[PDB]
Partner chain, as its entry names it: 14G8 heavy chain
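As a starting point, one isolated chain is supplied in structure tokens, in the form solved without its partner chain.
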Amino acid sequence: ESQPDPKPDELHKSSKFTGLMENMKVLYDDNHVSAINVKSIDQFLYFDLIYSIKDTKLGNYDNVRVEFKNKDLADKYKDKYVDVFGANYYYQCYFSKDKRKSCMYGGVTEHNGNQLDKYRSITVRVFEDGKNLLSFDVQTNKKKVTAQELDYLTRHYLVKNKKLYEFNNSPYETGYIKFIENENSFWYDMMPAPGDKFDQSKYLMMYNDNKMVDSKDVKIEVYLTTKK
């Protein structure tokens, strides 16, 4: 079966969030993690893997701590060359117990055996108040891609083109992204929980299942509702 669509009042209302939408915007803006063919260099917790990635900024490397929902996932990818992609956070990010040290969840896929000679296009149908007035595609060269990478790619587009997230707030009241693949479907709430503060780590933690979808069979739909 599939996951049931958002019940009424289930989705977070951006107007119920009184902090700065900026703290959410920063999760889907230009900044994020994208590393190709890297292998964990260290580990803090049993369920995380630490990587050293080349920084496009300047001749230098960054540190990214990747946390999974369990140790088995970490054990599976340690010692493996993987591609890492995801929304990272710095604020409460620790590597033991800095613009170059960040933390994230999941976003890991084995490199060898998962590459595609060419790029695949995944369509995104955006519904604003129930009407599909905008449709764009995202591309990937990974046979198995994490929902997180596709989620980021989609939201990043909506941020740069539809102002999904703005410094102060959002032009949309609620919003969720739904991934459809064969007999399964699931969605994430795109808006921050109610309150005056937004916990980026807690929010991004939803990606720690390292959930993946087949790039050739996945379909994406984003449902946004504007503010009256």
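Positions refer to the first chain, counted from 1.
One more form of this protein, solved in complex with its partner chain, exists but is not displayed; see below.
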Since only the chain is shown here, I'm wondering whether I180 would be in contact with its partner chain in the deposited bound form (any heavy atom pair within 4.5 Å).
yes
So in the deposited bound form, does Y51 come within 4.5 Å of its partner chain, heavy atom to heavy atom?
no
Any residue of 66-89 that, in the deposited bound form, places a heavy atom within 4.5 Å of its partner chain
none
